[PDB]
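What follows is a single chain, given as structure tokens, in the form deposited in one PDB entry.
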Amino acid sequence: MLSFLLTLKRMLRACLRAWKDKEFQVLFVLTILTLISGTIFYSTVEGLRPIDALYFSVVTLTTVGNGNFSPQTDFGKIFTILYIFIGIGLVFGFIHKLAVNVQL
């Protein structure tokens, strides 16, 4: 139980240590910027309550997928498709990062 906590602490430290890498900060900022754009787009174009627009943005960008709402306009559908790929681009970016910071 003591080793558990010490390992947890070293791990958390390593995690926060990653919140210092500039390229990671960019990916993060870019992710937040993308989530905001999505929240704005879906509330405006699909008429979703802001909180539901951020929610749809989140489940869509992280690839989790939504099983309750689906864009009704041809405009929302096009945007969502592009939105999915941006999210995949961001994920690869984070993954590439982890891979690089592991083989130095």
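Numbering starts at 1 and runs along the sequence shown. In this text, rigid core is short for the largest set of C-alphas that superpose within 1.5 Å between two forms.
Enquirer: Check the entry's C-alpha temperature factors for 90-98 and 13-21, then say which stretch has the higher mean.
Expert: So the stretch with the higher mean C-alpha B-factor is 13-21.
Enquirer: Which wins on mean Cα temperature factor, 61-69 or 30-38?
Expert: Going by the record's values, the stretch with the higher mean is 61-69.
Keep in mind that the form deposited in another entry is missing from the display, and what follows is about it.
Enquirer: Given a superposition on the rigid core, I'd like a yes or no on whether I81 shifts its C-alpha by 2 Å or more between this form and the one not shown.
Expert: No, the C-alpha position differs by under 2 Å between this form and the one not shown.
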